[PDB]
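Chemist: This is the structure I have questions about; it appears just below.
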Amino acid sequence: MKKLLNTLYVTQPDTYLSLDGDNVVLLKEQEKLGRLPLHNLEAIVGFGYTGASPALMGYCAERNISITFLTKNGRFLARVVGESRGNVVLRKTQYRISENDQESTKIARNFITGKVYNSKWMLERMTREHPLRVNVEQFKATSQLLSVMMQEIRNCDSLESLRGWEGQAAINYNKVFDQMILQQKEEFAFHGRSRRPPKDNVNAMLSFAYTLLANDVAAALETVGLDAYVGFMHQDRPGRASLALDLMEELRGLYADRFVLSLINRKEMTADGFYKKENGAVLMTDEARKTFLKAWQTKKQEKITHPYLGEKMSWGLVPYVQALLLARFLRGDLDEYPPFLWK
Amino acid sequence: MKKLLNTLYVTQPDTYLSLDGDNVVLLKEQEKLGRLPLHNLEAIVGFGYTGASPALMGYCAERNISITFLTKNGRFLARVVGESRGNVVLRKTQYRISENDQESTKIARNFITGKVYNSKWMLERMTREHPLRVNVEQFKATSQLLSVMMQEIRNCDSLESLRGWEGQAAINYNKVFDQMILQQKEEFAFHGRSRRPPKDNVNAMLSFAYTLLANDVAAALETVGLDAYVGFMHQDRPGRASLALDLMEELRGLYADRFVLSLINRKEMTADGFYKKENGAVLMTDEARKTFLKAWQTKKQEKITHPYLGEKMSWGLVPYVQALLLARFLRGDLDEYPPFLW
Amino acid sequence: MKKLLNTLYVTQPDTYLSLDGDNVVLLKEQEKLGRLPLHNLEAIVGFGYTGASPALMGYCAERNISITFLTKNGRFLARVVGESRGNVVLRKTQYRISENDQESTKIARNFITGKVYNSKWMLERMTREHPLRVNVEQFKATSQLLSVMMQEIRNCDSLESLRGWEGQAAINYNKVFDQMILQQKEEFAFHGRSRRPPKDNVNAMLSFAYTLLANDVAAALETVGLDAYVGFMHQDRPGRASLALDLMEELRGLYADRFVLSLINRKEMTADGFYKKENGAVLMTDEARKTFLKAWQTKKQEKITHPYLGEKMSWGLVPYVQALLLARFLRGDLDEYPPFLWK
Amino acid sequence: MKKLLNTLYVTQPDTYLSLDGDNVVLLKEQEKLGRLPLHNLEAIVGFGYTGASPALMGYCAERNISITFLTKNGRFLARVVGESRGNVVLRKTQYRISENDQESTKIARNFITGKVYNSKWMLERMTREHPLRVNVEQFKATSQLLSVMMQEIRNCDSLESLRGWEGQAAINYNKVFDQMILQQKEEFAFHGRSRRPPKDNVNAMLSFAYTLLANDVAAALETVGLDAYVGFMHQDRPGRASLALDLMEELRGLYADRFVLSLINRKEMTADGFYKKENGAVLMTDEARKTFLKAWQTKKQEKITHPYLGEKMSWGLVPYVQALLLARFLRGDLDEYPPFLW
Amino acid sequence: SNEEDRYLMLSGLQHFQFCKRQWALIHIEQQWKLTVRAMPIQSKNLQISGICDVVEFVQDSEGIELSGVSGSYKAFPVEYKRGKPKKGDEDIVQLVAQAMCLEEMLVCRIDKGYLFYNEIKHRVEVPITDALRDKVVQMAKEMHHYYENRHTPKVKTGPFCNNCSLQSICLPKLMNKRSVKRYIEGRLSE
Amino acid sequence: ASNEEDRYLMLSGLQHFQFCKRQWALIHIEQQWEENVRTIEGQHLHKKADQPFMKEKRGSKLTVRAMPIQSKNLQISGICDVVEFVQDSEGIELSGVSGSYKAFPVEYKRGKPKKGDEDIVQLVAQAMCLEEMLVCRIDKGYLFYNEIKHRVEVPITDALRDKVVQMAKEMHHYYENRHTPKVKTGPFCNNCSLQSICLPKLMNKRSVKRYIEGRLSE
Amino acid sequence: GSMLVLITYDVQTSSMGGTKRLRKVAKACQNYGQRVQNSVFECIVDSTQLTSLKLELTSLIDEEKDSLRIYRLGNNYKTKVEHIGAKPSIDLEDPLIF
Amino acid sequence: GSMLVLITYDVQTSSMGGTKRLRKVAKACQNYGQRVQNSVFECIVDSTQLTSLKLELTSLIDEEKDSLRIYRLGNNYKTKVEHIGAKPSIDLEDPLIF
DNA sequence: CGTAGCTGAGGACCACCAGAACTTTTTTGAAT
DNA sequence: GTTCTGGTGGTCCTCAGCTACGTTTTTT
Ligand code: SF4
Ligand SMILES: [Mn+2]
């Protein structure tokens with residue numbers, strides 16, 4: 001369907017894939033929908049319960065193309081590949097850089113600058129939209145502080161110091177996080193961070209959302225051969241996806257916090273879906289969880305543009321290609337990893 | 001300590017694989033050839049245009065069931081690889097050791113020690129129980145040559161020079177391997193190496209045996225949790241299952257070659273088994289394939305006792321257990337990785 | 001039903017024997033059919049696929065009344081008994097007499113006397129009703145020969161002499177029996193006598209009827225308490241019921257041979273239902289055997305009067321009664337054992 | 001060598017038995033109560049008012065499946081006896097052996113030897129385990145006397161004399177038997193081995209054990225093809241199937257009395273389950289009888305060895321083999337019947 | 001004039017080739033071309049009866065005439081006896097016995113015999129000579145001597161005794177025993 | 001360690017460390033898990049007892065199950081099986097109801113009472129966690145064992161608390177070191193579920209040197 | 001050795017001899033054992049009785065149309081047999097006090 | 001390891017949810033072993049898998065209305081099973097080539 | 001009463017047909 | 001391409017029911 005950087009994508013379920021001559025062909029119960037070339041492609045990524053054609057796999061593997069089958073929601077199912085496997089030098093270089101400080105700090109500072117870049121224009125955009133009920137001067141002052149820390153972190157090379165500006169920026173964003181609420185302030189309030197046993201309502205939402213993101217971005221690295229358990233800014237620890245968390249930082253704001261804001265402001269969910277715990281903790285409800293997942297699926301289908309390339313893409317494909325870029329950063333002619341500088 | 005689950009080999013063409021509950025179902029245009037429980041399988045080897053629905057691939061990947069595709073004569077058409085587990089420290093340590101030349105050189109020392117000991121043991125067993133029909137004196141002389149070379153190779157510290165000695169030892173061993181024509185006529189005589197084309201007999205069987213051994217070594221190395229694409233031996237050519245060959249090296253001396261030789265002397269196959277098209281290298285038949293697979297699986301159920309572990313286990317469990325002995329060494333448990341000295 | 005000797009011979013099948021007060025009641029399916037006292041009864045013998053009231057058998061088992069159950073055909077099944085009554089003395093006396101020889105010779109000569117009397121009277125009768133086409137003065141000469149047989153047997157005293165003088169009359173019986181056949185004489189003949197693989201059909205019919213009568217007499221001997229495999233005339237042999245063969249040699253006249261003669265006469269059987277296979281044996285067909293058994297049952301259902309007791313009864317009871325008198329001889333209630341005699 | 005089979009105690013009154021194929025079916029006014037195969041059922045025992053179809057009686061009798069009817073509290077009535085299955089020579093030899101005093105006294109000698117030996121050793125063993133509850137010395141003395149009896153029992157040739165000696169064997173043991181009991185001396189009012197056919201408590205159990213043993217032994221003797229309840233050695237006085245009692249004299253002292261004593265000692269039933277009639281007779285309640293039968297069968301199932309060669313057999317086979325040996329005595333195999341001796 | 005009593009079955013000739021006591025256990029204690037079949041055959045000089053399983057009458061010029069049909073036929077015997085060919089000649093005895101019975105029926109001599117092997121499905125050919133017939137005559141008269149005395153013999157148990165179905169009645173162990181005397185003295189001592 | 005809450009260890013590792021030092025290493029370093037009969041039955045018991053979102057009260061008392069509880073002194077987080085709240089005017093008022101209630105933690109296991117501490121350790125540590133949430137002190141603990149279907153009482157003493165603190169510090173050090181220890185074999189590992197992994201048979205025997213040198217020389 | 005065996009049949013009722021063969025096999029196996037489930041009978045037999053049952057039962061059923069399976073457990077069958085439902089069985093080593 | 005285990009079940013479809021119960025039990029039992037006759041399955045499992053299956057079934061069926069039996073034939077199952085009819089079963093330890 | 005021969009009347013039981021769908025934390029869990 | 005759910009239909013399976021009868025030359 002859509003080709004981008006020598007890779008083929010398929011998004012619509014129930015669409016068979018076959019080979020005709022030297023070209024790939026999309027089918028849908030004996031209906032021909034498209035035909036695309038294969039001469040210059042590198043890999044095929046599918047999200048349908050298709051199965052493809054065995055001749056297609058044989059030919060592509062004989063020509064050093066790796067096919068990757070996933071599900072219609074974004075899990076990882078299988079990787080059919082010949083002897084190349086796709087990534088060998090890529091993974092070995094990733095692990096070699098994972099023990100070196102300067103390049104890891106470069107990638108880190110790219111993460112910080114991109115995400116807080118995006119965050120501060122989000123603050124500016126929400127201030128522009130709603131001047132009546134928002135004390136915009138405080139947000140403006142925080143915006144100038146954010147720009148100052150932008151300029152200051154643009155020339156930093158120490159990991160612990162970067163963690164420090166992460167701490168201060170996160171505290172500031174927390175102190176401004178309270179005020180983008182505009183409706184049902186009676187019980188939906190934000191008063192800090194509780195990753196473990198969630199407390200005070202909305203917190204729980206964020207945590208769950210974050211988890212989903214990790215899985216999604218994990219699959220992204222799985223498509224490119226990058227390891228999803230060895231982080232650069234985060235440290236490697238068993239049972240935790242360090243690199244997935246590292247890459248999730250930019251997508252945290254728009255794709256999680258803006259999502260929960262769009263959920264709450266439209267009265268999609270209320271206090272009836274949140275159950276209480278005797279120690280004060282807050283729990284989730286089966287119908288509430290299913291409605292949350294349905295709204296998440298609805299939001300995943302939105303079609304937006306890509307700032308760095310301009311090609312139209314859906315949200316569900318954004319984390320993948322970006323990780324691809326990171327892969328192309330490890331082995332490629334790209335000078336620096338391009339962050340998701342989105343306005 | 002496992003069960004050595006069974007294996008499935010599909011030969012009929014245009015066979016389709018579906019998953020129902022936990023059972024694998026073979027179809028051919030809505031006509032079902034059967035269904036099997038998946039709690040008894042380890043590997044599925046498809047032949048020809050074998051289409052597998054993605055759900056089966058994912059289910060067999062998440063429970064460590066290897067699926068391989070071969071077209072007609074056991075080539076490297078494809079494999080199947082799944083997602084990751086929580087073995088971060090193991091892979092980290094493996095990469096760190098691979099980065100350093102010295103530990104890799106000791107690992108190569110042990111591998112070539114397995115080479116020399118297993119080769120000398122097999123050739124001396126061949127010489128011992130056999131009368132003047134075999135060249136006893138030259139075999140013994142090659143035995144002392146290998147026994148001389150083994151001390152020197154035991155204390156090597158470079159990869160290129162060690163590659164030199166292993167190559168020359170392989171040539172020396174082939175110089176005596178060129179003789180095994182005891183109970184078979186001259187049409188099955190070994191006449192050198194042929195990498196891509198199975199031009200003559202025997203070598204056509206050799207290619208299939210090599211593929212069938214490699215596709216099991218890779219499955220075992222995926223079972224242990226290790227990553228088998230950064231080799232401790234050979235030049236690290238990108239895009240190859242490096243550690244698969246790395247580990248199957250020491251197995252190559254007894255797992256497939258001895259089976260083929262025993263088959264040839266037992267005359268389990270006949271010259272009519274292989275047919276030839278205009279050039280076609282040398283091709284095997286459906287009967288030949290069935291007989292080879294049946295004999296392979298029958299031999300895989302043989303029971304031995306492991307020398308180092310001193311325990312009774314099925315012979316087909318050499319490649320897992322052997323590979324398992326590597327993983328513990330990656331945690332510093334032992335001082336070096338033990339070879340196979342059967 | 002109740003014979004004068006203190007035994008019940010209930011022969012109507014499908015009859016329930018129940019106890020009323022101290023009396024036996026015979027019920028034919030819910031209707032009070034018969035009533036009888038129990039003051040002096042010694043044994044109860046019941047025929048037919050039937051039952052017995054548990055109270056009745058419990059009551060009778062106390063007062064030394066053994067209850068013998070035989071099926072309606074004549075096979076002997078069971079003997080419900082308390083401590084065995086009137087059997088051990090009979091058995092020990094039987095074995096003692098068998099070891100002895102003089103009393104056995106007396107019994108054997110009595111049996112032979114009965115046989116020759118039956119034969120002589122049958123010959124006299126036959127020459128009486130049909131003195132038309134038969135050797136008549138020869139039959140009178142045979143009658144006087146049978147009278148001298150009378151005299152010699154009644155004053156005979158040796159076992160070997162008794163056997164020899166028995167054998168002497170057998171051949172005269174054989175010729176006169178061959179002379180007996182009047183109707184359908186053209187195709188059925190008695191030119192010879194064959195026991196082993198009976199040649200000629202008449203010999204096979206004789207063997208068949210002998211087998212039936214032997215089985216019936218064996219059941220008769222067992223139902224009173226006497227062993228059948230130890231004999232008085234014949235000697236010891238395993239698997240052979242010698243005393244049964246003694247009663248055979250007594251009773252093989254009126255009840256056995258007349259049946260075969262009447263079957264041959266009256267056109268009740270043709271040679272078509274008979275076979276001949278390579279030696280002279282006649283392999284009976286299914287229909288012929290069915291008719292033979294039906295005729296045997298019908299003749300068993302015939303009504304006569306016992307010559308000695310003078311009481312009306314059927315033919316089927318004739319064997320049992322005879323055996324009973326033999327028991328009454330060994331227990332000491334009688335002085336002799338007349339099968340068919342004046343005395 | 002044979003296999004022991006079950007029995008079948010029908011306790012529900014107003015029942016009925018029937019045949020169907022090779023199965024026995026238990027009926028009660030046209031609603032079935034069960035069906036059991038007849039190839040693992042070596043006896044049938046009826047209680048109260050039971051009936052049977054003549055076909056069932058015939059089939060059981062000719063296939064060695066003894067029937068037996070009892071009333072209310074184990075009163076014997078109307079055993080079922082079938083045909084004579086042959087073996088005329090053995091029966092003739094047995095009948096010849098009777099009426100002669102020499103051989104009869106020999107077999108009586110062996111029988112009484114067995115009885116006295118069993119009684120002596122049972123008493124000696126009892127005083128050997130626990131001496132504190134009993135007076136040892138008296139027991140010892142009795143053993144001595146019993147030992148002397150042996151010689152006299154062996155040194156006699158007249159049936160009248162041995163019978164008289166029987167009385168002494170009664171008078172030396174009965175008085176002792178009172179102190180066999182160790183518990184419930186007040187609950188189980190016990191007046192010695194004194195017996196009353198109307199029963200006086202702690203005699204109902206003993207009578208029940210005697211009845212069951214008598215039925216089992218009669219069946220065992222009639223299976224082998226002879227008769228020893230009115231036979232050669234015991235008295236001829238009628239109404240007493242007691243040579244079977246005489247064949248179990250070596251057993252009733254051990255097999256029944258020891259079982260009753262263990263039952264008393266182990267507190268397996270209590271005086272709550274017994275009661276007394278107005279006339280002075282005593283009866284056992286239904287649960288008590290069921291428990292007693294369960295104990296009897298479970299005891300029968302246990303395995304022991306034999307004095308002859310050590311071959312394993314259960315309890316229930318001890319009577320049967322004791323029958324078989326007797327026949328093997330009358331065929332000239334053994335010099336004289338070797339009795340049961342612990 | 002009862003000649004039937006002195007005649008026995010032919011199968012009892014087999015059991016004197018194996019476990020001599022078994023014959024007394026069964027017969028005494030009483031406890032458990034043309035292809036003609038089931039021939040009742042009796043012989044007087046050796047005084048034995050039985051049933052021959054199969055007789056093949058084959059036409060030839062130099063044969064023996066049969067009753068009822070003119071010409072000359074041989075009467076080769078065939079018996080179905082499963083098992084493996086065995087050295088202890090347990091099956092040839094009944095073959096030679098029925099052959100010589102048939103020959104006594106006609107007073108002549110033949111030297112041919114067929115036998116069936118069911119487990120191998122094999123045809124086996126056997127000639128006969130004087131050394132077999134003399135042994136058969138001696139064995140038959142010795143059998144009569146045993147039968148008329150009602151005597152049960154004693155034989156060595158052997159390894160085969162775990163195969164005779166009468167092992168619960170044959171009682172093999174009562175061959176080499178210490179006798180009841182040792183039991184008597186043992187009970188005296190103890 | 002985004003906010004120091006990421007360095008939280010499992011309660012379930014304590015029991016594994018106490019029994020087989022390598023078993024805890026296997027479960028919480030290399031992320032391995034193999035199941036046998038006993039652990040399958042125990043998991044079934046746990047999921048049968050894992051039925052949230054309902055409360056039963058008998059007039060005075062109430063029960064709560066599957067509590068996500070954490071403690072910062074040891075920095076250990078986990079989930080408790082059951083805690084029973086009893087009506088008494090002694091404890092601190094708890095959110096969700098009215099009045100003063102006292103807490104008692106009880107957990108369910110399937111097995112005989114163990115000669116060692118093992119199981120009780122968890123409740124000990126559990127107690128600490130609760131005292132960090134409701135701001136109170138607990139000296140009473142409850143257990144139920146299903147194999148004997150029996151209730152066992154445990155007090156809470158300071159020596160046990162000190163031992164738990166010591167092992168918590170030691171296991172934090174082990175986690176930071178990424179070190180798998182070695183422990184004595186004994187008859188422990190015949191139901192040790194991961195038996196085919198921590199290969200205890202190879203520890204007590206001789207090293208690799210002498211074997212290969214001997215087999216190479218002769 | 002008097003061991004436990006289990007016999008399961010499955011006879012086609014559609015053919016010409018369906019009903020008669022079904023009835024005859026059911027009645028010819030109920031003699032030797034007991035019904036624990038539909039088409040599943042279990043019995044306690046020695047070697048000889050089982051051989052006789054096999055030879056007698058291999059003739060009632062018709063091959064190429066019906067199926068019949070015989071499973072032998074052993075003399076220690078008390079430990080390799082389990083019943084979990086609500087159709088209780090009766091054992092033949094119970095003293096059997098009806 | 002890998003002992004042979006035979007499972008049989010007789011559920012009641014006259015009940016309120018009989019049809020549902022039968023379908024669920026059939027599907028649940030099919031996941032581990034083969035079918036040889038209607039209402040009987042043969043499977044090759046170890047103690048772990050047998051335990052899992054037993055819990056699954058006893059949680060799946062109800063008591064008081066249905067019956068279920070389980071047998072284990074041990075490690076030597078090859079020389080204890082005999083077959084006569086025409087319903088063969090594919091063994092899972094032969095080379096298994098399709 | 002027991003042994004066969006046929007009905008008939010409900011239960012068990014598996015293969016199809018059509019239709020609507022297809023997403024979720026992190027924590028406990030054995031040892032004769 | 002899979003899971004689950006109703007719903008249908010034709011094949012195994014046992015019990016209840018009614019009619020109609022019951023015996024054979026003596027081989028392991
Ligand atoms: S098994 Fe031995 S004792 Fe029994 S009949 Fe055969 S030879 Fe005689
Ligand atoms: Mn607990």
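Ligands are numbered from 1 in the order shown, residues from 1 within each chain, and chains are lettered A, B, ... in the order they appear in the structure tokens.
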Once the least-squares fit of chain C onto chain A is done over all Cα atoms matched in order, how many Å of RMSD are left?
Modeler: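 Between these identical-sequence chains, the C-alpha RMSD is 1.3 Å.
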Chemist: Per residue of chain E within 9 Å of chain J, which atom pair is closest and at what distance in Å (one decimal), using only C-alpha atoms (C1' of nucleotides), listed by chain and increasing number, as a tab-separated table?
Modeler:
```
residue	atom	partner	partner_atom	distance
E:9	CA	J:27	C1'	7.8
E:11	CA	J:28	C1'	6.4
E:12	CA	J:28	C1'	8.6
E:50	CA	J:27	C1'	8.6
E:51	CA	J:27	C1'	8.6
```
Chemist: When all Cα positions are paired in order and chain D is fitted onto chain B, what RMSD is left, to one decimal?
Modeler: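 So the superposition leaves a C-alpha RMSD of 1.4 Å.
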Chemist: Please identify all protein, DNA and RNA residues within 6 Å of ligand 1, counting only C-alpha atoms (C1' of nucleotides) and all ligand atoms, and report them as an MDAnalysis selection string.
Modeler: chainID E and resid 19 21:22 157 161:164 166:167 170:172
Chemist: So that I have them on file, write out the residues from the current selection with N, CA and C atoms, as a short mmCIF file (atom, residue, chain, number, x, y, z; two decimals), in the first residue's frame.
Modeler:
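Done, and the output landed in result_28.cif:
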```cif
data_model
loop_
_atom_site.label_atom_id
_atom_site.label_comp_id
_atom_site.auth_asym_id
_atom_site.auth_seq_id
_atom_site.Cartn_x
_atom_site.Cartn_y
_atom_site.Cartn_z
N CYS E 19 5.10 -86.25 29.83
CA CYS E 19 4.44 -86.16 31.13
C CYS E 19 3.51 -87.36 31.35
N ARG E 21 2.50 -89.00 33.69
CA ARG E 21 1.46 -88.88 34.71
C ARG E 21 0.21 -88.18 34.19
N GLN E 22 0.33 -87.33 33.16
CA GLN E 22 -0.83 -86.59 32.68
C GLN E 22 -1.90 -87.53 32.15
N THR E 157 9.84 -84.06 37.14
CA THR E 157 9.06 -82.85 36.89
C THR E 157 9.44 -82.20 35.57
N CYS E 161 7.14 -78.60 32.94
CA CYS E 161 5.98 -78.75 33.81
C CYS E 161 5.28 -77.43 34.08
N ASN E 162 5.93 -76.30 33.82
CA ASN E 162 5.26 -75.01 33.86
C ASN E 162 4.34 -74.79 32.67
N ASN E 163 4.12 -75.83 31.86
CA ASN E 163 3.26 -75.75 30.68
C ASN E 163 2.06 -76.68 30.72
N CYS E 164 2.14 -77.82 31.41
CA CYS E 164 0.98 -78.70 31.47
C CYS E 164 -0.11 -78.02 32.29
N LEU E 166 -2.44 -79.03 33.95
CA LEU E 166 -2.81 -79.73 35.18
C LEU E 166 -1.86 -79.41 36.33
N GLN E 167 -1.09 -78.33 36.23
CA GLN E 167 -0.06 -78.05 37.23
C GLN E 167 -0.66 -77.77 38.61
N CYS E 170 -1.58 -81.92 38.90
CA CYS E 170 -0.43 -82.81 38.77
C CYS E 170 0.46 -82.76 40.00
N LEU E 171 0.53 -81.61 40.67
CA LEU E 171 1.31 -81.39 41.89
C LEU E 171 2.75 -81.86 41.68
N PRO E 172 3.54 -81.13 40.90
CA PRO E 172 4.87 -81.62 40.53
C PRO E 172 5.80 -81.78 41.72
#
```
Chemist: Tell me, which residues of stretch 6-174 of chain E carry DSSP strand (DSSP E or B), written as a PyMOL selection string?
Modeler: chain E and resi 34-43+48-66+69-78+80+114-117+122-125
Chemist: Set the distance at 8 Å and use only C-alpha atoms (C1' of nucleotides): which residues neighbour stretch 35-40 of chain F once local chain neighbours fewer than 4 positions away are removed? I'd like the list as a list in words.
Modeler: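 Returned residues: residues 44, 191, 193 and 194 of chain F; 47, 48, 51 and 52 of chain H; 29 and 30 of chain I.
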Chemist: Counting only C-alpha atoms and all ligand atoms, give me one row per residue of chain F with an atom at most 6 Å from an atom of ligand 2, showing the shortest contact pair and its distance in Å to one decimal, sorted by chain then residue number, as JSON lines.
Modeler:
```
{"residue": "F:107", "atom": "CA", "partner": "ligand 2", "partner_atom_place_in_ligand_line": "1 (Mn)", "distance": 3.2}
{"residue": "F:108", "atom": "CA", "partner": "ligand 2", "partner_atom_place_in_ligand_line": "1 (Mn)", "distance": 2.2}
{"residue": "F:109", "atom": "CA", "partner": "ligand 2", "partner_atom_place_in_ligand_line": "1 (Mn)", "distance": 3.7}
{"residue": "F:143", "atom": "CA", "partner": "ligand 2", "partner_atom_place_in_ligand_line": "1 (Mn)", "distance": 5.8}
{"residue": "F:144", "atom": "CA", "partner": "ligand 2", "partner_atom_place_in_ligand_line": "1 (Mn)", "distance": 5.7}
```
Chemist: Go ahead and write the selection's residues with N, CA, C and O atoms as a compact mmCIF listing (two decimals), in the first residue's frame.
Modeler:
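Saved file selection.txt follows:
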```txt
# COMPACT_ATOMS: atom_id res chain seq x y z
N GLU F 107 -2.26 -14.73 54.73
CA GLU F 107 -1.99 -15.17 53.37
C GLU F 107 -2.21 -16.68 53.29
O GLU F 107 -2.08 -17.39 54.28
N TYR F 108 -2.52 -17.14 52.08
CA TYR F 108 -2.87 -18.54 51.85
C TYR F 108 -1.74 -19.24 51.11
O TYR F 108 -1.19 -18.70 50.15
N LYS F 109 -1.39 -20.44 51.57
CA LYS F 109 -0.42 -21.28 50.89
C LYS F 109 -0.89 -22.72 50.95
O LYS F 109 -1.80 -23.07 51.70
N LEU F 143 -2.21 -17.11 59.43
CA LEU F 143 -1.92 -17.94 58.27
C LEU F 143 -2.97 -19.03 58.13
O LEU F 143 -3.55 -19.48 59.12
N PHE F 144 -3.19 -19.46 56.89
CA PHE F 144 -3.97 -20.65 56.59
C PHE F 144 -3.19 -21.53 55.63
O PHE F 144 -2.73 -21.06 54.58
```
Chemist: If you count only C-alpha atoms (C1' of nucleotides), which residues fall within 8 Å of stretch 54-66 of chain F, apart from same-chain ones fewer than 6 positions away, as a list in words?
Modeler: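 Within the cut-off, the hits are residues 278 of chain A; 79, 80, 81, 82, 83, 84, 85, 86 and 87 of chain F.
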Chemist: Let me see the file: selected residues, N, CA and C atoms, as a JSON list (two decimals), in the first residue's frame.
Modeler:
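Writing the result to out.json gives the following:
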```
[["chain", "number", "residue", "atom", "x", "y", "z"],
["A", 278, "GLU", "N", -9.55, 0.22, 49.94],
["A", 278, "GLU", "CA", -9.63, 0.55, 51.36],
["A", 278, "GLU", "C", -8.45, 1.40, 51.83],
["F", 79, "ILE", "N", 2.04, -7.58, 46.42],
["F", 79, "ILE", "CA", 0.60, -7.72, 46.61],
["F", 79, "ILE", "C", 0.35, -8.73, 47.72],
["F", 80, "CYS", "N", -0.44, -8.32, 48.71],
["F", 80, "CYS", "CA", -0.86, -9.16, 49.83],
["F", 80, "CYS", "C", -2.09, -9.96, 49.47],
["F", 81, "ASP", "N", -2.19, -11.15, 50.07],
["F", 81, "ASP", "CA", -3.32, -12.04, 49.81],
["F", 81, "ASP", "C", -4.59, -11.55, 50.50],
["F", 82, "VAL", "N", -4.58, -11.48, 51.83],
["F", 82, "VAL", "CA", -5.76, -11.06, 52.59],
["F", 82, "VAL", "C", -5.33, -10.25, 53.80],
["F", 83, "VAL", "N", -6.14, -9.27, 54.17],
["F", 83, "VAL", "CA", -6.08, -8.62, 55.48],
["F", 83, "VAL", "C", -7.49, -8.48, 56.02],
["F", 84, "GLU", "N", -7.67, -8.84, 57.29],
["F", 84, "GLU", "CA", -8.95, -8.76, 57.97],
["F", 84, "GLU", "C", -8.95, -7.54, 58.88],
["F", 85, "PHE", "N", -10.01, -6.74, 58.79],
["F", 85, "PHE", "CA", -10.21, -5.58, 59.64],
["F", 85, "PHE", "C", -11.29, -5.91, 60.67],
["F", 86, "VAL", "N", -10.95, -5.72, 61.94],
["F", 86, "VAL", "CA", -11.83, -6.04, 63.05],
["F", 86, "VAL", "C", -12.28, -4.74, 63.71],
["F", 87, "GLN", "N", -13.50, -4.75, 64.26],
["F", 87, "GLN", "CA", -14.09, -3.56, 64.85],
["F", 87, "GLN", "C", -13.59, -3.39, 66.28]]
```
Chemist: So how far away is atom CA of residue A:19 from atom CA of residue A:53, in Å?
Modeler: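 Atom-to-atom, atom CA of residue A:53 to atom CA of residue A:19, that is 7.3 Å.
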Chemist: For each of F:34, F:153, F:6, F:118, take the minimum atom-to-atom distance to chain B, counting only C-alpha atoms, then give the residue where this is smallest.
Modeler: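 Smallest distance to chain B is found for F:34.
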Chemist: From a DSSP pass on the backbone, collect the residues of stretch 29-87 of chain G flagged as alpha helix (DSSP H) and hand them back as a list in words.
Modeler: residues 29, 30, 47, 48, 49, 50, 51, 52, 53, 54, 55, 56, 57, 58, 59 and 60 of chain G
